[PDB]
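**Student:** My questions will all concern the structure given below.
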Amino acid sequence: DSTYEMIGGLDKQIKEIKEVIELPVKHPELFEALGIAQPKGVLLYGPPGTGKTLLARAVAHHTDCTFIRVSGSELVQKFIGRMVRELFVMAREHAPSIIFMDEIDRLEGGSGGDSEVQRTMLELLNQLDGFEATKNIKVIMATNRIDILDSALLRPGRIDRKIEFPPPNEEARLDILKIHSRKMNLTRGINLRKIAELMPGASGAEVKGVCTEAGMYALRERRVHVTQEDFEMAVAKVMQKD
Amino acid sequence: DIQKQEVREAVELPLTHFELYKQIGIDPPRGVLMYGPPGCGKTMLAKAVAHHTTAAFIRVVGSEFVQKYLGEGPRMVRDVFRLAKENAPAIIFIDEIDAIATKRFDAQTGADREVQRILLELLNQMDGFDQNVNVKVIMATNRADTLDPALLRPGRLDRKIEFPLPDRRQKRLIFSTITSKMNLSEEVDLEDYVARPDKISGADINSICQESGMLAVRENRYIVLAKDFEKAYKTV
Amino acid sequence: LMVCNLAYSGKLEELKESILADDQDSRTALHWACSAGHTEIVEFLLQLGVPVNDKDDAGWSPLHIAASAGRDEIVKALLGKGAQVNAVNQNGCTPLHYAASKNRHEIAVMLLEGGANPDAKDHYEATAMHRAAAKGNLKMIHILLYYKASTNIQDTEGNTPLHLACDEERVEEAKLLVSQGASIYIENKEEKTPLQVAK
């Protein structure tokens with residue numbers, strides 16, 4: 001589900017995005033007094049914020065809409081489907097929907113089939129740019145990895161939305177790390193404040209790096225509860241690759 | 001003294017301590033990936049790990065499920081996975097994944113997208129069964145560029161044992177575990193006979209040694225010597 | 001030949017009579033005498049006057065057997081008779097390579113003491129310091145430094161003993177070699193400095 005109880009730290013950005021996404025949801029009457037239309041979407045460029053998808057699944061979970069991705073990372077690639085019209089038919093039947101690519105986030109064949117997917121979403125943006133079947137059809141890009149150059153280059157911020165997202169709120173390092181500590185078995189004498197604030201410079205992926213790279217020492221010592229010293233070692237275990 | 005301890009505690013410890021991972025709440029990683037176009041392998045480590053423990057094992061040919069069937073796939077992989085998690089703890093060795101991990105735009109070739117939906121389907125089922133599944137799944141490949149980012153994504157394959165430059169200790173190990181079953185002597189030495197196949201990149205070196213056993217099985221010489229090694233290297 | 005069953009029988013009442021009476025790869029009595037590793041047999045066979053530098057079809061000298069088998073006294077007898085300290089075999093390797101691989105101190109010290117070449121390279125332009133460094137043999141490198149051996153032996157691929165020492169991740173051996181003046185700027189064909197190889 002990944003509701004608001006599993007994502008936090010972007011209060012200003014959800015306060016700014018409720019007018020981009022939540023506008024056709026609960027207050028569509030401002031079309032006369034304001035004169036707004038359906039934009040292309042929104043994207044967040046920079047380091048991985050450990051929850052780049054939990055936000056889309058969160059707003060989509062509160063909008064009470066379906067989540068249909070394009071690349072089909074989890075058994076949703078051929079379930080719907082020239083494999084280009086079935087997505088628009090399911091988008092016509094299911095008017096509330098949020099599209100977010102996660103799997104896309106050799107240069108000869110990988111850019112060949114990946115160039116076929118890019119041409120697919122380009123002609124889909126041409127069909128949706130020319131005509132429109134129903135509302136509440138918006139696409140969201142993902143620029144968090146290094147191999148993402150087409151989405152960052154083709155979206156400079158001229159006819160789309162752009163958000164500077166290197167330093168989200170420092171809660172992408174602190175409070176979503178606390179949330180990632182709520183799921184796993186957490187003790188009561190831990191202080192995530194210092195170990196969460198003392199990881200500067202490297203990247204924003206310190207949450208997933210310290211959790212996943214700390215699971216090898218919680219798997220080595222076989223401790224029933226995760227201690228702060230495990231995360232302290234995980235800081236070095238993720239700073240060695242820098 | 002760290003490779004055998006990391007792989008040791010990453011292979012034999014999670015194999016019979018699932019309840020302890022249920023207590024601590026940490027999923028044990030089991031995916032071991034092999035790569036490197038110069039060194040083929042897939043036999044020394046696959047048969048070494050597949051023979052360190054005297055138990056059942058179920059190997060699969062790279063084209064074991066390619067029968068252009070849409071509904072037979074999940075039944076085959078579900079039956080193999082259920083006999084592997086229910087019959088006995090086996091180490092499944094999936095080979096030739098580059099032919100089943102290729103995307104295609106045209107929907108007329110539904111067999112390729114179907115078999116990549118089978119590979120991605122078991123790739124999702126292994127993710128949903130991370131909570132102490134009773135089966136080990138190792139994987140090997142030679143062309144990782146054609147592969148999809150979902151295979152090399154973390155959480156699936158957390159171990160990547162490469163073969164760029166093995167030291168002498170790995171030569172004594174991977175060559176002792178193969179010379180222990182063959183006729184050795186004081187002249188049998190494969191250090192230069194493995195350094196040369198690194199200059200001239202040759203595949204399936206272990207299979208070439210088996211060919212040397214096929215040239216030494218003629219009952220003309222009991223102990224295999226350098227003549228069949230260098231001869232098996234210059235011929236095949 | 002009859003040396004395997006002769007020396008394997010152990011009947012002393014017929015050994016010296018057998019030798020004093022008169023295989024597939026043309027190995028004489030001295031080769032198996034070095035394989036077994038007995039004092040009175042290499043000193044008795046070499047006392048009669050058997051040639052000490054007999055080479056087979058490939059070139060495997062008996063000194064590669066005494067050095068590749070881990071026998072001190074046999075090397076003392078082969079050097080006592082004046083064996084080729086720098087013999088050539090099928091792959092060009094020297095008995096110092098197998099002396100450093102077996103981790104035998106007396107064999108290497110007594111070979112280099114008699115006047116052997118410390119920088120005798122094989123067909124791959126490699127020396128025993130590659131084996132002693134990659135195999136973690138610290139005392140072998142030390143007794144190689146008792147004779148002021150060279151450190152800039154470039155392998156046929158361009159690798160130095162410092163590369164094979166840093167690949168083993170031996171921090172003590174790396175700091176020791178670099179502290180003794182190892183060249184940390186030699187690059188192989190793969191363009192990899194000795195500092196990049198050490199993780």
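Just remember, in the structure tokens the first chain shown is A, the second B, etc., residues are 1-based per chain, and ligands are 1-based in the order shown.
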Just the alpha helix (DSSP H) stuff from stretch 7-176 of chain B, please, per backbone DSSP, written as an MDAnalysis selection string.
**Tutor:** chainID B and resid 7:11 18:24 44:52 72:86 110:128 168:176
**Student:** Write out as a VMD selection string the residues lying within 10 Å of stretch 132-138 of chain C, counting only C-alpha atoms and excluding same-chain residues fewer than 5 positions away.
**Tutor:** (chain B and resid 167 to 169) or (chain C and resid 97 to 104 127 143 to 144 160 to 170 172 to 174 176 to 177)
**Student:** Mind listing as a VMD selection string which residues of chain B are within 8 Å of chain A, counting only C-alpha atoms?
**Tutor:** chain B and resid 20 to 21 23 to 26 28 103 to 107 113 to 114 117 120 to 121 124 145 to 146 149 to 150
**Student:** Now that the selection is made, can you save its residues with N, CA and C atoms as an mmCIF file, in the first residue's frame?
**Tutor:**
```
data_model
loop_
_atom_site.group_PDB
_atom_site.id
_atom_site.type_symbol
_atom_site.label_atom_id
_atom_site.label_comp_id
_atom_site.auth_asym_id
_atom_site.auth_seq_id
_atom_site.Cartn_x
_atom_site.Cartn_y
_atom_site.Cartn_z
ATOM 1 N N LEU B 20 16.331 -19.285 12.263
ATOM 2 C CA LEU B 20 17.066 -18.173 12.855
ATOM 3 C C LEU B 20 16.885 -16.896 12.046
ATOM 4 N N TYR B 21 16.773 -17.013 10.719
ATOM 5 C CA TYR B 21 16.433 -15.846 9.913
ATOM 6 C C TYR B 21 14.982 -15.436 10.125
ATOM 7 N N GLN B 23 13.693 -15.580 13.063
ATOM 8 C CA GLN B 23 13.776 -14.867 14.332
ATOM 9 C C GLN B 23 14.358 -13.469 14.151
ATOM 10 N N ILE B 24 15.500 -13.363 13.467
ATOM 11 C CA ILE B 24 16.140 -12.059 13.316
ATOM 12 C C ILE B 24 15.416 -11.210 12.279
ATOM 13 N N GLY B 25 14.749 -11.840 11.315
ATOM 14 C CA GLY B 25 14.009 -11.094 10.316
ATOM 15 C C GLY B 25 14.837 -10.545 9.176
ATOM 16 N N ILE B 26 15.881 -11.257 8.760
ATOM 17 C CA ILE B 26 16.734 -10.845 7.651
ATOM 18 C C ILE B 26 16.770 -11.974 6.630
ATOM 19 N N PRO B 28 18.148 -14.313 3.887
ATOM 20 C CA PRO B 28 19.500 -14.701 3.477
ATOM 21 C C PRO B 28 19.660 -14.621 1.970
ATOM 22 N N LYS B 103 14.343 -8.394 -24.923
ATOM 23 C CA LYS B 103 13.057 -7.773 -25.192
ATOM 24 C C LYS B 103 12.821 -7.654 -26.695
ATOM 25 N N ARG B 104 11.556 -7.458 -27.061
ATOM 26 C CA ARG B 104 11.171 -7.349 -28.460
ATOM 27 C C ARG B 104 9.964 -6.430 -28.576
ATOM 28 N N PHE B 105 10.007 -5.530 -29.560
ATOM 29 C CA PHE B 105 8.913 -4.582 -29.750
ATOM 30 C C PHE B 105 7.723 -5.241 -30.437
ATOM 31 N N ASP B 106 7.975 -5.979 -31.516
ATOM 32 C CA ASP B 106 6.895 -6.580 -32.288
ATOM 33 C C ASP B 106 6.201 -7.670 -31.480
ATOM 34 N N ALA B 107 4.872 -7.596 -31.415
ATOM 35 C CA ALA B 107 4.078 -8.563 -30.667
ATOM 36 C C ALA B 107 3.822 -9.851 -31.438
ATOM 37 N N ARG B 113 8.715 -12.726 -25.839
ATOM 38 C CA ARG B 113 8.137 -11.988 -24.723
ATOM 39 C C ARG B 113 7.504 -12.931 -23.708
ATOM 40 N N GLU B 114 7.052 -14.103 -24.158
ATOM 41 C CA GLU B 114 6.471 -15.072 -23.237
ATOM 42 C C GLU B 114 7.543 -15.721 -22.368
ATOM 43 N N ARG B 117 8.711 -13.311 -19.987
ATOM 44 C CA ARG B 117 7.708 -13.248 -18.934
ATOM 45 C C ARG B 117 7.793 -14.442 -17.993
ATOM 46 N N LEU B 120 11.110 -13.428 -15.964
ATOM 47 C CA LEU B 120 10.717 -12.366 -15.047
ATOM 48 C C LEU B 120 9.651 -12.833 -14.064
ATOM 49 N N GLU B 121 8.862 -13.846 -14.434
ATOM 50 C CA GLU B 121 7.844 -14.362 -13.526
ATOM 51 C C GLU B 121 8.476 -15.120 -12.367
ATOM 52 N N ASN B 124 10.130 -12.692 -10.141
ATOM 53 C CA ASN B 124 9.233 -12.064 -9.177
ATOM 54 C C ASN B 124 8.830 -13.043 -8.080
ATOM 55 N N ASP B 145 25.636 -7.456 -20.928
ATOM 56 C CA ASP B 145 25.165 -6.236 -21.573
ATOM 57 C C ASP B 145 23.774 -6.424 -22.166
ATOM 58 N N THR B 146 23.503 -7.600 -22.736
ATOM 59 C CA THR B 146 22.184 -7.877 -23.292
ATOM 60 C C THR B 146 21.141 -8.133 -22.212
ATOM 61 N N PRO B 149 18.196 -4.879 -16.595
ATOM 62 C CA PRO B 149 18.644 -4.393 -15.279
ATOM 63 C C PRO B 149 17.946 -5.058 -14.103
ATOM 64 N N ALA B 150 16.876 -5.822 -14.334
ATOM 65 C CA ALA B 150 16.192 -6.487 -13.229
ATOM 66 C C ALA B 150 16.989 -7.672 -12.703
#
```
**Student:** Can you tell me which residues surround stretch 5-10 of chain A at a distance of at most 10 Å, considering only C-alpha atoms, apart from same-chain residues fewer than 5 positions away, and format the answer as a list in words?
**Tutor:** residues 15, 16, 50, 51, 52, 54, 55, 57, 58, 168, 169, 170, 171, 172, 173, 174, 175, 176, 177, 178, 179, 180, 182 and 183 of chain A
**Student:** So that I can check the surroundings of residue A:156, please list as a PyMOL selection string every protein, DNA and RNA residue that reaches within 12 Å of it, counting only C-alpha atoms and ignoring chain neighbours fewer than 5 positions away.
**Tutor:** chain A and resi 42-45+149-151+161-164
**Student:** Could you write out as a PyMOL selection string the residues of chain B within 10 Å of chain C, counting only C-alpha atoms?
**Tutor:** chain B and resi 165-169+186-187+192-193+195-196+199+221+225-227
**Student:** Please produce a file of those selected residues containing N, CA and C atoms, as a compact mmCIF listing (two decimals), in the first residue's frame.
**Tutor:**
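New file result.txt:
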```
# COMPACT_ATOMS: atom_id res chain seq x y z
N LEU B 165 41.56 -12.54 -12.51
CA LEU B 165 42.94 -12.95 -12.27
C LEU B 165 43.01 -13.78 -10.99
N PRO B 166 42.75 -15.08 -11.06
CA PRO B 166 42.80 -15.91 -9.84
C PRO B 166 44.23 -16.09 -9.36
N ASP B 167 44.43 -15.93 -8.05
CA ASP B 167 45.74 -16.10 -7.45
C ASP B 167 46.11 -17.58 -7.37
N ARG B 168 47.28 -17.86 -6.78
CA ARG B 168 47.75 -19.24 -6.71
C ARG B 168 46.94 -20.07 -5.73
N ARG B 169 46.36 -19.44 -4.71
CA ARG B 169 45.52 -20.18 -3.77
C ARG B 169 44.28 -20.73 -4.47
N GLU B 186 54.40 -36.22 -9.74
CA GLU B 186 55.30 -35.12 -9.42
C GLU B 186 55.51 -34.17 -10.59
N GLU B 187 55.17 -34.59 -11.81
CA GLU B 187 55.33 -33.75 -12.99
C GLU B 187 54.06 -33.00 -13.36
N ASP B 192 51.40 -23.14 -15.54
CA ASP B 192 51.65 -22.61 -16.87
C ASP B 192 50.59 -23.09 -17.86
N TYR B 193 50.06 -24.30 -17.65
CA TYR B 193 49.00 -24.85 -18.48
C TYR B 193 47.64 -24.20 -18.20
N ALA B 195 48.07 -20.59 -17.29
CA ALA B 195 48.48 -19.25 -17.67
C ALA B 195 48.43 -19.06 -19.18
N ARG B 196 48.78 -20.10 -19.94
CA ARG B 196 48.71 -19.99 -21.40
C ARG B 196 47.27 -19.87 -21.89
N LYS B 199 46.49 -16.30 -21.87
CA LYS B 199 47.00 -15.54 -23.01
C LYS B 199 46.13 -15.78 -24.24
N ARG B 221 48.63 -45.26 -20.98
CA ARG B 221 49.36 -44.65 -19.88
C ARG B 221 48.39 -44.42 -18.73
N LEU B 225 49.84 -37.22 -18.13
CA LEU B 225 51.03 -36.37 -18.03
C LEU B 225 50.91 -35.15 -18.92
N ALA B 226 52.00 -34.40 -19.06
CA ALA B 226 51.98 -33.15 -19.81
C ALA B 226 51.76 -33.35 -21.30
N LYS B 227 52.01 -34.56 -21.82
CA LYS B 227 51.82 -34.80 -23.25
C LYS B 227 50.35 -34.67 -23.64
```
**Student:** Atom CA of residue B:204 to atom CA of residue B:93: how many Å, to one decimal?
**Tutor:**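 These two atoms are separated by 16.5 Å.
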**Student:** Go through C:146, C:46, C:192, C:82 one by one, measure the shortest atom-to-atom distance of each to residue C:158 using only C-alpha atoms, and give the residue with the smallest value.
**Tutor:**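 Among the listed residues, the smallest separation from residue C:158 belongs to C:192.
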**Student:** Which residues are near residue B:42? Cut-off 9 Å, only C-alpha atoms, ignore same chain within fewer than 2 positions. Put them as a tab-separated table (two decimals) with C-alpha atoms, in the first residue's frame.
**Tutor:**
```tsv
chain	number	residue	atom	x	y	z
B	34	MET	CA	29.29	-15.69	-12.64
B	40	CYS	CA	33.64	-19.99	-19.52
B	44	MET	CA	34.28	-26.18	-12.03
B	45	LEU	CA	32.28	-24.01	-9.63
B	46	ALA	CA	28.89	-25.45	-10.62
B	47	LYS	CA	30.06	-29.03	-10.07
B	93	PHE	CA	21.90	-23.87	-11.99
B	95	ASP	CA	22.30	-21.30	-17.74
B	140	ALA	CA	25.65	-17.84	-14.70
B	141	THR	CA	25.99	-15.85	-17.91
B	204	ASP	CA	35.62	-24.85	-21.18
```
